[PDB]
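1. got an experimental structure here, sequence first:
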Amino acid sequence: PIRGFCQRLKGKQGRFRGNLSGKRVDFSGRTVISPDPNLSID
Amino acid sequence: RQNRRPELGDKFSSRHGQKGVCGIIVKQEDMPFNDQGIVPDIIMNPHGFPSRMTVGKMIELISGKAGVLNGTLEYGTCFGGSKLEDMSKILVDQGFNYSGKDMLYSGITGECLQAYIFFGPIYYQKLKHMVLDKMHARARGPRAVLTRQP
Amino acid sequence: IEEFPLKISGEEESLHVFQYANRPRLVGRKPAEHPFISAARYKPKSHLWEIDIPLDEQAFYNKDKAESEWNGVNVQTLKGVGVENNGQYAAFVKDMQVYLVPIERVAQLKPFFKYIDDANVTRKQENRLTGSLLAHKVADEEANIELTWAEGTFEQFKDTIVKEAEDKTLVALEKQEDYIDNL
Amino acid sequence: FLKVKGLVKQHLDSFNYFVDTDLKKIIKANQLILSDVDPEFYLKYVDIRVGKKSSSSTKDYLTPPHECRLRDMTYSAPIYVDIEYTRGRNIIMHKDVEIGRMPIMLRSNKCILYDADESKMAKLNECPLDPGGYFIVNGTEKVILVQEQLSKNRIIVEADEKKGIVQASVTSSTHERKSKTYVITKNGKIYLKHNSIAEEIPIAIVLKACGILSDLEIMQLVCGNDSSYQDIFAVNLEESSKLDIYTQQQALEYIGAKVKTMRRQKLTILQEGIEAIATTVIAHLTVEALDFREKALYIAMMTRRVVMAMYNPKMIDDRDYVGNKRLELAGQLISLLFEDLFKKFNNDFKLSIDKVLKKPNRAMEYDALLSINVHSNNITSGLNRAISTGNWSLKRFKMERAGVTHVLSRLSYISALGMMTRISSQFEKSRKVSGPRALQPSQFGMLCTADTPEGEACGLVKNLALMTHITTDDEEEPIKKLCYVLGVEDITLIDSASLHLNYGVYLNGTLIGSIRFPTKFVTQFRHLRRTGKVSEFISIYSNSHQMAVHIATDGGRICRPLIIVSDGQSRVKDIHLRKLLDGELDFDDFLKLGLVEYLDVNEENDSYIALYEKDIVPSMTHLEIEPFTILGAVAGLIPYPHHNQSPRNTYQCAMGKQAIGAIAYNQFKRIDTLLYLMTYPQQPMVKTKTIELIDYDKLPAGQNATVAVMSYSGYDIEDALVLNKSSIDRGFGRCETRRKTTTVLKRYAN
Amino acid sequence: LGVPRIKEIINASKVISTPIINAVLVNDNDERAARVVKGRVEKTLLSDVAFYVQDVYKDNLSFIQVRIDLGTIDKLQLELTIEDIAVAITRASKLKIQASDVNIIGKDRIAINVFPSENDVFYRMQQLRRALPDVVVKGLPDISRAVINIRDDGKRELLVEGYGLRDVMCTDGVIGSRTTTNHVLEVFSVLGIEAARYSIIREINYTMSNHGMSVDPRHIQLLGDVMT
Amino acid sequence: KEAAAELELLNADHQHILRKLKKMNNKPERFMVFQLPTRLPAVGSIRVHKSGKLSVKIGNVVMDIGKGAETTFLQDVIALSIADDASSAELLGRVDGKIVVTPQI
Amino acid sequence: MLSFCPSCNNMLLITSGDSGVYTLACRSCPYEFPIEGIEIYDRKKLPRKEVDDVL
Amino acid sequence: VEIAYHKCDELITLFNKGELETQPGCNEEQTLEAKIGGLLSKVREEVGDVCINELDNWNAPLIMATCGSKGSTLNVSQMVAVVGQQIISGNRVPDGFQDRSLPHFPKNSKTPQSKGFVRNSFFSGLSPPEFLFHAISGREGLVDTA
DNA sequence: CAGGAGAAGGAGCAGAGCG
DNA sequence: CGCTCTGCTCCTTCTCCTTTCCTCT
RNA sequence: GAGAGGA
Ligand SMILES: CCC[C@@H](C)[C@H]1CC[C@H]2[C@@H]3[C@H](O)C[C@@H]4C[C@H](O)CC[C@]4(C)[C@H]3C[C@H](O)[C@]12C
Ligand SMILES: CCC[C@@H](C)[C@H]1CC[C@H]2[C@@H]3[C@H](O)C[C@@H]4C[C@H](O)CC[C@]4(C)[C@H]3C[C@H](O)[C@]12C
Ligand SMILES: [Zn+2]
């Protein structure tokens, strides 16, 4: 499966849809969520 | 080996599809107690039932309470199992309400709860999706060699 | 209540059965019709039958195209393959009892267009080889040993009936359940 | 039933049958290797054995499964074959030499754990409650998942109304060839496509080439006497004369002219065309004789089904119907893989022998068995790699399947038991097709009607139920003789005119003959099956929409036991239960005495089944042993599952595998990649009759929490819980995570 | 009316499943008016008004004879005659091979003669006989069916399954100012682009209102404007 | 339903075949073809019972209760023979009908 | 036509014979039929169903 | 439920031995299906309304449906009284066998309790065929989401 | 492995003009 | 008056799409 | 790389 320049660009994980319109950003985390009524909205 | 404690945010199931997360861990005295001083280990919200129709879970609670009071393991099997009438008879023989709904005392105000509380043993199983393995944060670090992205 | 016996005779070598897929029984109550038959060709080691029935030219013969497209063809060729089928016995009634005889070969005869093949082969002229192909090879390598016909007979019936229960062959060690188990 | 035939019995029985029959079958298949030179030199594989050096009198010493798991080795047993090699002096001599190492399925007839009782297992660091049926390759537990597929050698007709097109394709599958013989309907005209012929051959021509050349017997084999069918089929009957009139030889020449199959040796076009009808058209039926009536009538019945679909739709058969599907276990897949590897090994060995013996002089024969031991690494390496990686690369069928083997899941006990007895759909994605992902009512008792990976495989992956036995190929030849005895005239003794006037009995998809009084024949055959004359898995049933008495004998059919009820009353008779409870009649004397019988999906069509004994009206012919066996091993965890809503049961079946708890008795002597353990597991209060049988009360995953169903503290709004401190402190939900780290101190070439 | 309907309107597909043409009658207070118009806008095959078809030879010629039963024509109150059926056959012979001569002998027994080479007459005549009882005699050859529906308050109108909007508007017995199909592209072809925009907006609003969801119509209008 | 219709048809076939056997007692050229289970269990008699019930036996006591094969017609079927590859193929005549027998329980 | 000739059973075909006379016969057979005009009708009675009248 | 079953049974026998007045749009079989579906829906609605009106004050499902916190009156009617018709793909359960849904009913049977009707509430407990039909509906929903 | 929708060549007729 | 280009219109056979990712292994 | 949770 040679990755032609066309393969590198096209596709869902290609440069346009995986690196240009939507990247991985720094200063971000991801964790489970739990409720907290005492916490005000916003 | 790593010994893990049920931290806040761990996932518990209820053997009926009532998966949930540990919302809060509260002290024993800040918990409802019955006439005998029993405090619940888990306080499941009552809103999980009316839209998911897990009547099997209510019957499981009643059968478990009646069996443990009678000192025997009750059977919940598809198309059969321990009938509700026998379990309610056992429950009323021991001095408990026929529907398994005890009358509790609020643990923070020390007065009666104005509604009888469904109270009994339910077999809860702890699932592997623990928050300790899912917390993840980044400020700076490794970047992809090709596109120089995280 | 009345006993209606039957006895099986010897093999008398092999007698075959011909089934004409085209010729039906008469629509009336008297299906006693049989076409004139002659020039029978047999083929052993491949079990081939070829039966020739001449046709009357006074009723729907089409004398022109028969010789224009083919040769002087006036008889349809019925070709057939004799398939073996055990347990098939032919029965006839001589006395109150019934006489059986093994068949061991049944053939369904269907029309064969030999003249079309001949016309095509005349018009065109101007290493295990396993499987049924090999059999087909035999079928078109050596064949067609000629044979005659005979309408009506009595010696076959006599040779089948002369058994006269001289060997009843009633000995049987097995029983109902044993035979059921050993089908 | 579970004592004599456990939950993990598909894998075990399939692998045992494989190692007992298919090894010798493949050996006798490729029993000879020849050469162009030296005609007095041949190798004859007299016999083959697994783990049995010669007589020996004892199975060879195998590494215990846990030792293989810890050392990252591969659990396997040697394969010893017999040798017959000649000599220039014409002397025949014998030898017994290893040819490779075949991996051994856990708890099979070859594994040491076979018949080990609580002491041998303890001494071998093996959990007594472990399911088995999985291989240990490279120290990893890999299980060959049961594969579901469409029934081979069976007619499946689908009416694509989207265009007005119907079809009659059959994926005839032999031990060497597998090809689809579609019978499409284009321009109101029936055709016959193929992967080996050019394009859309008319049906009348192929029927003439198959022997039925009368051109009127075609109308009596495809339409019978229905006026509404003859006009539909009259359109394509004139295509055997529109181009030109045809005879059998001419039709064979026409079909062979457009044959796309190539000839490696020169063959006549007519000769090849006959081949195209002899074997190429239908690999299932090989007509190695001078009469093609069986194949001709097979094509005629395909065309009859197509015309029936044309006259009125809704007479087609659903592909998703469970009776139309077969299950292939680990035994058959390993048979295929070993046959491919063995033929490659024989080819390589023959090439090496020819290379060594090519020398004109001093071509010594001594030590002719060196290259065999050189190549014996290749077979075992290929076998282990193909099992481990899950990519089954084959060349004889040009078949490539990926993901056959899965790593055995170790989260709970129920997870490891439910990964076993799992079925994977053949469909890749089935994006929008809501057909194979639906819950067909035909799977009642055959598949767990609640357990299914919720999500993107929600309907594709299914699991076997409790009462369920997968069939195996019993016989094919004796049943033909039994039918002929039973009173059906053969296929070469019935005229086409009367072929559709009475029921025709189809044996395993191919027409055998026509028999009057189908009910009497069915009853007598069922009585013979019940009394033990034939195998219990041979299923005979009656179809009335097309008058047929089908008999199915091939393996892979899903069967379940049911109590036979006579007129009005059952056959258990209340005294066989007493003997069963006493200790005799271990569910096998129940089959021998004809009290219970195995029904597959198709035979249930002809049956009337009672849910309980109190519902038996004097017309039903079967009784359910128990209605709670419609749920699999996982779904037996739920208490009172008949009161919940179905998605709740499905979610429980999904998330019960990922519940931490006790895993095995040797869970502390085990070094796995990731183990979750419960410090204080507790037996459930509200048990289930299923969980006693699968030993879930001995290795539970959970604790009996004193729940108070009440809105408290506000921190439990949406599915959130309120855990009680001072109970976590006393130990509640306390768990342990064990993770292994491996290190290999490789020796470099330097 | 689910997600697939929104997808069909969004993608502006040239063919949709189940296109419905609502047609309002000029006079709908009586079913007699509601059925005479219906027969004009249905694919009325010859087979329903042929009553038999035969193929008859002669000494040196052959033909196909079909006797139209006037009883069914009168009972179906169809507005067509023998000449209408003949001209319909001749004009719709586009699908067929050829047709130039039609004869009437008595009580509407139409005979079509085929005359020419070997076997051409027989094969051509057999094909013509097979393909004769399906030519659309009266109506629109783009309609699966048409059903009279009764609206509330006593009104009624005809719902048609097909793509003949222009013909349905043109045929008498209906009001052309109020007759609409589900197909957006058809409305675009027959009523300009503004009517296409109106149809897009109205159909999207109807699909998302029948499903009970509350989407503001201004977003729908913006989508229609973007599309058109 | 099916069982009653099958029994009625079997009785009709029993009486019909008894009439056929009585009628074909004349022996000009007519035959009849029987189908039997193989293996030759080892003759007997085609014993007719009261109310038109027909059954057969062999040397072993076995009552093969099966009577009446297909009533197939419009297929002219005749029987011939073969005599040692010499002048042979003597037409033994046609057959009237067919009988198939079957062991019962 | 949907007719089959005896001794051949193939489908009957109408052919333009000598002097343009339509003769009915089967190929591959020594069979013909001097045409009587074939006044025997190959009539197909189309299954028309019930109809309702309002006018 | 017995009254509804009696009406459906007489409708089935009328469709079998004789013919029923076909609706102006559908055919005979579709008319039968629509009529029995409508009758079952009506009886389920009536018994559900009876159950809801007979439910006492301070009832947790009743309060959670009145205030709208969770569920609705349909859910509590199914949990208490009955869960009538298990429609799959817009109609009753299809045929999983030859002219049948399950091998536990007579051939060519279209009466309720044989083609997807669950007269048992979740409290009472589902009969095996009712359980299978409800499982079919639930899996249909699960597959629909994905 | 299915489903949807365009672009590009054969292919079979109308239509026009004609010597 | 057939004959011979254009031109149009089918008809068939081809190509490019099918969430979110979020982990582990 | 591809096997499977997961929401
Ligand atoms: C047998 C095949 C049917 C189908 C492919 C053909 C046959 C008739 C065609 C419609 C009509 O032409 C009228 C409209 C014309 C507009 O411009 C585009 C839309 C429109 C509805 C068409 C769409 C499509 O093209 C149809 C349905
Ligand atoms: C045996 C005596 C000869 C003569 C009486 C038989 C033999 C061949 C028969 C004809 C063919 O079958 C073809 C046609 C079939 C149609 O259905 C009815 C007419 C049709 C012309 C037949 C008429 C008649 O029946 C014939 C002439
Ligand atoms: Zn002919």
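-> Arrived safely. Numbers count the residues shown, from 1 in each chain, chains lettered A, B, ... in the order given. Ligands and ions are numbered 1, 2, ... in the order given.

2. for chain B, what's the longest helix?
-> When chain B is scanned for its longest helix (criterion: DSSP state H), the result is helix B:55-70.

3. what of chain H?
-> Taking DSSP H as the criterion, chain H has its longest helix at helix H:28-54.

4. mind listing what's buried in it?
-> Buried positions in helix H:28-54, judged by neighbour count with 16 or more other C-beta atoms under 10 Å in any protein chain shown: H:31-33, H:35-37, H:39-40, H:43-44, H:47-48, H:51-52. All C-beta atoms are positioned from the backbone trio N, CA, C, and that covers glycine.

5. which neighbouring elements make contact with that helix?
-> Under the contact criterion of 3 or more C-beta pairs under 8 Å, 6 or more residues apart in numbering or on different chains; DSSP states H and E, helix H:28-54 touches helix H:2-17, helix H:73-80, strand H:83-85.

6. next, the buried residues of the longest one.
-> Applying a neighbour-count criterion of 16+ other C-beta under 10 Å, one finds H:4, H:5, H:8, H:11, H:12, H:15 buried in helix H:2-17.

7. wait, the fourth one sits on residue H:36?
-> Yes - with contacts defined as C-beta atoms under 8 Å, residue H:11 counts as touching residue H:36 at a distance of 6.3 Å.

8. count the neighbours of the residue of chain E found nearest RNA strand K for me.
-> Relative to RNA strand K, the nearest point of chain E is residue E:3 (18.7 Å; C-beta to the nearest atom of the strand). For residue E:3, the count of nearby residues is 9 (other C-beta atoms under 10 Å in any protein chain shown).

9. quick check: whatever residue of chain E ends up closest to chain H vs residue H:23, distance?
-> Closest residue of chain E to chain H, C-beta to the nearest C-beta: residue E:147 (5.9 Å). Plainly put, residue E:147 is 11 Å away from residue H:23 if you go by C-beta to C-beta, to the nearest Å.

10. let's verify the closest residue to chain A within chain B: helix, strand, or coil?
-> Proximity of chain B to chain A (C-beta to the nearest C-beta) peaks at residue B:137, 3.3 Å away. Counting by DSSP: H, G, I helix; E, B strand; the rest coil, the backbone at residue B:137 sits in strand.

11. rewinding a little: quick check: the residue of chain E closest to chain H touching residue H:25?
-> Yes - at 5.9 Å, residue E:147 and residue H:25 qualify as touching, with contact defined as C-beta under 8 Å.

12. helices of chain C, residue ranges please.
-> Using DSSP H, the helices of chain C run over residues C:63-69, C:114-124, C:132-139, C:155-161, C:176-181.

13. flag every buried residue along the fourth one.
-> Pointing back at helix C:155-161 there. Those would be C:156, C:160, for helix C:155-161 by 16+ other C-beta under 10 Å.

14. neighbouring contacts of it?
-> Contact partners of helix C:155-161, identified using C-beta atoms under 8 Å, 6 or more residues apart in numbering or on different chains, comprise C:9, C:10, C:12, C:15, C:92, C:94, C:99, C:101, F:27, F:81, F:90, F:92.

15. buried ones in the helix of greatest length in chain E?
-> Secondary structure of chain E per DSSP H: the longest helix is helix E:194-210. For helix E:194-210, a neighbour-count test (16+ other C-beta under 10 Å) marks E:195, E:196, E:197, E:198, E:199, E:200, E:201, E:203, E:204, E:207, E:208 as buried.

16. which one of the residues you listed is nearest residue C:131?
-> Lowest distance from residue C:131 to these (C-beta to C-beta) belongs to residue E:207, with 62.9 Å.

17. name the nearest residue to that closest one, sequence neighbours excluded.
-> The shortest distance from residue E:207 to any non-neighbouring residue, by C-beta to C-beta, 6 or more residues apart in numbering or on different chains, is to residue E:5 (5.0 Å).

18. go on, residue D:304?
-> Among residues not flanking residue D:304 along the chain, residue D:222 sits closest, at 5.3 Å (C-beta to C-beta, 6+ apart).

19. tell me, how many residues neighbour the one you found?
-> Quick note: residue D:222 (other C-beta under 10 Å) scores 30 neighbours.

20. one step back: filter the contacts of helix C:155-161 to the buried ones?
-> Those of these that meet the buried threshold are C:9, C:15, C:92, C:99, C:101, F:81, F:90, F:92, by 16+ other C-beta under 10 Å.

21. quick one: which of those residues is nearest chain G?
-> Using C-beta to the nearest C-beta, the buried ones among the contacts of helix C:155-161 come closest to chain G at residue F:92, 23.6 Å.

22. now the phi/psi pair for the closest residue to the closest one other than its chain neighbours, please.
-> Of all residues not flanking residue F:92 in the chain, residue F:79 sits nearest, at 4.5 Å (C-beta to C-beta, 6+ apart). Here is the backbone geometry of residue F:79 (degrees, to the nearest 10): phi -110, psi 140.

23. wait, doesn't residue F:79 sit right on residue C:19?
-> No - applying C-beta under 8 Å as the test, residue F:79 and residue C:19 come out as separate, 9.9 Å apart.

24. more crowded one of the two?
-> Neighbour comparison, residue F:79 and residue C:19: the larger count goes to residue F:79, with 26 against 22 (by other C-beta under 10 Å).

25. what sits against the more buried one?
-> By C-beta under 8 Å, 6+ apart, residue F:79 lies in contact with C:15, C:16, C:17, C:18, C:90, C:103, F:31, F:33, F:92, F:93, F:94, F:95.

26. now whichever residue of chain B sits closest to chain F: how far from residue D:613?
-> Ranked by C-beta to the nearest C-beta, the top residue of chain B for proximity to chain F is residue B:79, at 32.1 Å. Distance of residue B:79 to residue D:613, given as C-beta to C-beta: 14 Å.

27. without its sequence neighbours, what residue ends up closest to residue 11?
-> Since you didn't name a chain, this refers to chain A. Closest residue to residue A:11 apart from its sequence neighbours, by C-beta to C-beta, 6+ apart: residue A:17 at 7.0 Å.

28. other chain: chain C
-> Nearest one to residue C:11, counting by C-beta to C-beta, 6+ apart, is residue C:102 at 5.5 Å.

29. check whether the first helix or strand past the longest helix of chain H going along the chain comes near chain D.
-> The helix or strand immediately downstream of helix H:28-54 is helix H:60-66, counting by DSSP states H and E. No - Helix H:60-66 lies out of reach of chain D by C-beta under 8 Å from any C-beta of the partner chain, never closer than 9.3 Å.
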